[PDB]
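In: please find the sequence and an experimentally derived structure below.
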2 protein chains.
Amino acid sequence: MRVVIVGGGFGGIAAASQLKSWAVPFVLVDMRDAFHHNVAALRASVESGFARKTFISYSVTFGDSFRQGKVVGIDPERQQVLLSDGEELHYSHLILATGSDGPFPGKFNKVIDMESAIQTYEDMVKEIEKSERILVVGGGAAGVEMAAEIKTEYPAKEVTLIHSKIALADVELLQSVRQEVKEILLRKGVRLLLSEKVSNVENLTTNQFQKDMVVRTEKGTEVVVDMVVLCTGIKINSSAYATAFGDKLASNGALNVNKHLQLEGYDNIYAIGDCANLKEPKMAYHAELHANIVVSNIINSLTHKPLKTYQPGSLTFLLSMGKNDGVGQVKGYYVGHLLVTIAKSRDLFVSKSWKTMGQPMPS
Amino acid sequence: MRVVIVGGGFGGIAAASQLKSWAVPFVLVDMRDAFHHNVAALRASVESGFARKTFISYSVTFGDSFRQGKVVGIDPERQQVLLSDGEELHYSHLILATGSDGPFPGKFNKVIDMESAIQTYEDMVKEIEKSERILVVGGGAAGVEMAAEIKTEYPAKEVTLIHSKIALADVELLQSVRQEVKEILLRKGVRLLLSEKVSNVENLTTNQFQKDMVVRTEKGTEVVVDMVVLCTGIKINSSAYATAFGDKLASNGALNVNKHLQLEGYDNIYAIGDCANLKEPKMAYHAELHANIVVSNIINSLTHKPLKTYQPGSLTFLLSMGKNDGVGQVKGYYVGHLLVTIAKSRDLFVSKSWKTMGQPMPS
Ligand SMILES: Cc1cc2nc3c(=O)[nH]c(=O)nc-3n(C[C@H](O)[C@H](O)[C@H](O)COP(=O)(O)OP(=O)(O)OC[C@H]3O[C@@H](n4cnc5c(N)ncnc54)[C@H](O)[C@@H]3O)c2cc1C
Ligand SMILES: Cc1cc2nc3c(=O)[nH]c(=O)nc-3n(C[C@H](O)[C@H](O)[C@H](O)COP(=O)(O)OP(=O)(O)OC[C@H]3O[C@@H](n4cnc5c(N)ncnc54)[C@H](O)[C@@H]3O)c2cc1C
């Protein structure tokens, strides 16, 4: 028997770690040879020396249970995972944990080695350093984070953020929250260009210092900057499984699962993390909760016992998450509950990934 | 000099308590002779003996600085508060804290004495007790709370909740939260009739046990119940001030204020709580924060010093609010912050109002 995990993200490494703890045979597959703590990728593209903390070697943790490769197909009938180098991996159980993909710096999902990936982010750090004026394209989570991280490291730089909507950040967020994102950026001094769409975006020179670049919008508006960072358009990564289940995907590319996180047509394929079509926000935190359920259900499948149900609204959230302030912001109420915001821990929980991987953080 | 406060709600009693602590002369005006902890009104209409904890005598706390009356006009030029009994109260500073109004049991804003108000809720408790089947009209906060409180006290009663929208609760809440409200009610066994509008609502027999009442919807749907509770339609109470500022109100009846919570046309009128037109959710918690700012600014006005600014997103929120569980539910993220839900304390913070009023809770 063999559990194959496609995707070594937050979900995948949680599932692999747990399968190893249970001594279930498995192979974890990822394009990269290192786990990417992608939440901290924007900080890594700004703050010198930080990128080394955001990649963690898979093989050091998992040895022969890790296999680097780019999955270009899944055959659910013969139970094969098909790689871009022609090899095929049979499975008895398949966990799809393929996450979301988008432009660098926000995402870095490609076939690359750890040192080269760290050096790609370090190169970006020097380009940022060189540039007095920087445009960020995209007002979603990655763009807001990039604007904020630049102004944190370099409070005197001129940062402009352009965004096609009326308000920043994900529509599913409370507008009270969207407006607060605007106000957080304005407090840091970022200049906002909302409802404002870059024209001929494909001709931009990105991730590079270049004096006096002129960026035009569809409104004819112009700004002159020394570097352009693309933070538009993170979408669920269906590359592994599109040819097998494309006709059955949700609109956004996510996989439809039952209450046990099994794919609807199968009892031995599961989806976790962003790529599962759940009615919950796509977070690293939930990807890990999904992994617990799926590993439990693989165990129960071996033992012919009843499967566990994924309960959204897990109560396992404590002061450990967030900071130690104990402070919050009341944002609303409803039956039995209050809505609150708390500050993220400003290490962006990097240390938890090194803990999960059983590796000391770099010196 | 005299600060007149119209409305002895959460905001008004906070402002009055603080003005008394500062020894600023004031008169607090409310229709009722007792403060109503309106958050717990639905529980008070269900649980025997509980209503006595939800009304607190104004005069016991404030003596001659409280005046019962129903304000039917404000004259901002002569600086008069006009009462329905013909009397007028001059002010040097006016705080409008008029809150929101709606049907009983959710709201109880009328000229009435404390013992009669408690007895009105106790009467409702016996009508609920008598009724095996109960319809709740309205899926906003009051209706959801009424359905939940009935099924908490009487898990075997048949409770139906009818609501005109597709989903329950305030649209400004996350749909993830609206759906969770649905799931909280379904777990308690409430039968939901969504997208479903009661026909001839004015002919219903409400707040009364009556066997075999037939309720028809605009869809022709019918249900047979023994009691009907109206929880539709809490709206900002502009009765005090409509004739003075109606032309300048926001659409929902709220008052437009500047960053110091002063009414736009005046330096000596302030608005706090629900009746202030702020871009924040209307809660008792915020009404009290508004009162702090306004009292500070009245002091600063006396001393000819600069006014304080109301900063939405106050950081003064701790584990004291909520329960002691320390547990939460992660609901989302954004720059620097996580969105979380925590459980309300299940006394619905009744004890804090008695503390504010300096009165021991009833035996
Ligand atoms: C700016 C920003 C901030 C965020 N902050 C937070 C936060 O504070 N908290 C939080 O909980 N979440 C946060 N998130 C969300 C978080 O990044 C994702 O929800 C999380 O990474 C999802 O984990 P996952 O396991 O589903 O996939 P990922 O972590 O995206 O990992 C997927 C992996 O699959 C691999 N893969 C995909 N397709 C293939 C293929 N065909 N072949 C081989 N390998 C493949 C990729 O190489 C990748 O390593 C943030 C996101 C952004 C953009
Ligand atoms: C079901 C439900 C649950 C809630 N739960 C919470 C919660 O958990 N936490 C939270 O923070 N908020 C909660 N709220 C919101 C909370 O009830 C209100 O935001 C709060 O009462 C606002 O306080 P206020 O001072 O603005 O006005 P109110 O508390 O409504 O007081 C206004 C007062 O003004 C008086 N008044 C009005 N007009 C006149 C007039 N013309 N003359 C004389 N007197 C007048 C009324 O008699 C009344 O006493 C809840 C609301 C509901 C409906």
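Out: That came through fine. Numbers count the residues shown, from 1 in each chain, chains lettered A, B, ... in the order given. Ligands and ions are numbered 1, 2, ... in the order given.
In: strands of the stretch 201-350 of chain A, start to end?
Out: In the stretch 201-350 of chain A, the strands defined using DSSP state E, counting those that start in this stretch lie at A:213-216, A:222-225, A:227-230, A:235-236, A:269-271, A:329-334, A:337-343.
In: looking at those, which is closest to residue B:23?
Out: strand A:329-334 (30.5 Å; CB to CB). C-beta: built from backbone N, CA, C; applies to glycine.
In: ok, the closest residue to residue A:166 other than its chain neighbours - contacts?
Out: With sequence-adjacent residues excluded and distances taken as CB to CB, 6 or more residues apart in numbering or on different chains, residue A:166 is closest to residue A:195, at 5.4 Å. Taking CB atoms under 8 Å, 6 or more residues apart in numbering or on different chains, we find residue A:195 in contact with A:163-166.
In: turn the strands of the stretch 201-350 of chain A into a markdown table, columns for mean neighbour count.
Out: Output for the strands of the stretch 201-350 of chain A, formatted as a markdown table (neighbours: other CB atoms under 10 Å in any protein chain shown):
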| stretch | mean neighbour count |
| --- | --- |
| strand A:213-216 | 16 |
| strand A:222-225 | 15 |
| strand A:227-230 | 26 |
| strand A:235-236 | 16 |
| strand A:269-271 | 27 |
| strand A:329-334 | 22 |
| strand A:337-343 | 22 |
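In: can you lay out these as CSV showing distance to residue B:153?
Out: Listed next are the strands of the stretch 201-350 of chain A as CSV, based on distance: least, CB to CB, whole Å:
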stretch, distance to residue B:153
strand A:213-216, 63
strand A:222-225, 62
strand A:227-230, 57
strand A:235-236, 45
strand A:269-271, 42
strand A:329-334, 20
strand A:337-343, 20
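In: so which of those comes closest to residue A:200?
Out: strand A:213-216 (7.3 Å).
In: what pairs with that closest one, parallel or antiparallel?
Out: strand A:222-225 (antiparallel) (DSSP bridges).
In: in which helix or strand does residue A:128 reside?
Out: helix A:114-130 (DSSP states H and E).
In: okay, how far is it across stretch A:308-317, tip to tip?
Out: This stretch, stretch A:308-317, spans 20 Å end to end (CA to CA, to the nearest Å).
In: give me the contacts around that stretch.
Out: So stretch A:308-317 is in contact with A:259-261, A:278-280, A:289-290, A:293, A:296-297, A:300, B:180, B:183, B:327-330, B:340, going by CB under 8 Å, 6+ apart.
In: now it: buried residues?
Out: For stretch A:308-317, the buried set under the neighbour-count rule, 16 or more other CB atoms under 10 Å in any protein chain shown, comprises A:308, A:310, A:317.
In: and which of those residues is nearest to ligand 2?
Out: Closest to ligand 2 out of the buried residues of stretch A:308-317 is residue A:317 (20.0 Å), distances taken as CB to the nearest ligand atom.
In: which residue ranges of the stretch 101-250 of chain A form helices?
Out: A:114-130, A:141-153, A:175-188, A:242-245 (DSSP state H, counting those that start in this stretch).
In: now the strands for the stretch 1-150 of chain A?
Out: Using DSSP E, counting those that start in this stretch, strands in the stretch 1-150 of chain A cover A:3-6, A:26-30, A:34-36, A:55-57, A:66-68, A:71-75, A:80-83, A:88-90, A:93-96, A:100-101, A:133-137.
In: the last one near ligand 1 anywhere?
Out: Which is strand A:133-137. No - with CB under 6 Å from any ligand atom as the criterion, ligand 1 is not reached by strand A:133-137; the gap is at least 11.9 Å.
In: quick check: beta-bridge partners of residue A:55?
Out: Going by DSSP bridges, residue A:55 forms beta bridges with residue A:36.
In: ok, stretch A:314-322 near ligand 1 or not?
Out: No - using CB under 6 Å from any ligand atom, stretch A:314-322 stays clear of ligand 1, coming no nearer than 9.0 Å.
In: what's the end-to-end length of that stretch?
Out: 16 Å.
In: now it: how far from the chain's centre is it?
Out: Distance, stretch centre to chain centre, for stretch A:314-322: 20 Å (CA atoms, centre = their mean, to the nearest Å).
In: now stretch A:155-163
Out: For stretch A:155-163 - counting by CA atoms, centre = their mean - the centre lies 23 Å from the chain centre.
In: what's in contact with it?
Out: A:131-140, A:143-144, A:147, A:150-151, A:168, A:185, A:188-198, A:215, A:217, A:223, A:225.
In: and what of stretch A:335-344?
Out: Residues contacting stretch A:335-344 (CB under 8 Å, 6+ apart): A:174, A:177, A:322-323, A:325, A:327-333, B:141, B:144-145, B:148, B:173-174, B:177, B:180-181, B:184-185, B:317, B:321-322, B:328-329, B:331, B:333, B:336-344.
In: before we move on, back to that, now the helix holding residue A:128: buried residues?
Out: Neighbour-count burial for helix A:114-130 [16+ other CB under 10 Å]: A:114, A:117-118, A:120-122, A:124-125, A:127-128.
In: now those as JSON lines including distance to residue A:24?
Out: Formatted as JSON lines, these follow (distance: CB to CB, whole Å):
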{"residue": "A:114", "distance to residue A:24": "26"}
{"residue": "A:117", "distance to residue A:24": "29"}
{"residue": "A:118", "distance to residue A:24": "32"}
{"residue": "A:120", "distance to residue A:24": "34"}
{"residue": "A:121", "distance to residue A:24": "34"}
{"residue": "A:122", "distance to residue A:24": "38"}
{"residue": "A:124", "distance to residue A:24": "39"}
{"residue": "A:125", "distance to residue A:24": "40"}
{"residue": "A:127", "distance to residue A:24": "44"}
{"residue": "A:128", "distance to residue A:24": "44"}
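In: for chain B, what are the nearby residues on the stretch 51-200 of chain A?
Out: A:141, A:144-145, A:148, A:169-170, A:172-177, A:179-181, A:183-185 (CB under 8 Å from any CB of the partner chain).
In: at 6 Å instead, please
Out: Residues of the stretch 51-200 of chain A lying close to chain B (CB under 6 Å from any CB of the partner chain) are A:144-145, A:148, A:169, A:177, A:181, A:184.
In: so which of those residues is the closest to ligand 1?
Out: Closest to ligand 1, out of all of those and judged by CB to the nearest ligand atom, is residue A:145, at 4.2 Å.
In: and the gap between the residue in the stretch 101-250 of chain A positioned nearest to ligand 2 and residue B:251?
Out: The minimum distance from the stretch 101-250 of chain A to ligand 2, using CB to the nearest ligand atom, falls at residue A:176 (14.6 Å). From residue A:176 over to residue B:251 the distance is 18 Å, taken as CB to CB, to the nearest Å.
In: and the closest residue to residue A:121 other than its chain neighbours, how many neighbours?
Out: If the residues on either side of it in the chain are set aside, residue A:121 comes closest to residue A:51, at 3.5 Å by CB to CB, 6+ apart. Using other CB atoms under 10 Å in any protein chain shown, residue A:51 has 26 other residues around it.
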